[PDB]
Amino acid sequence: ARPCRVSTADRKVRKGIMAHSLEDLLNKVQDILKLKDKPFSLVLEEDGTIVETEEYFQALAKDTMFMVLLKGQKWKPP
């Protein structure tokens, strides 16, 4: 049961969220970050690498900054 640091796409709000899995993370992120709708994609905040498997989500360091993307939203350089 693990600690994730998660940003919105405009990087204005970053929050620490505990998750058992990628899917659990994705189920929590809307309420926590007060997203306008459900997330479409989870990406690495540093470079926009798409996190789309559980095994890859779990191999990343606990201090990894994640970014949620809603439909049509794209990762952008900080």
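Numbering starts at 1 and follows the sequence shown.
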Lowest, middle or highest third - CA B-factor, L26: middle
Ranked against its chain, the third holding the CA B-factor of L70: middle
Chain-wide C-alpha B factor ranking for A1, given as lowest, middle or highest third: highest
Third of the chain's Cα B-factor distribution that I17 belongs to, per the entry: lowest
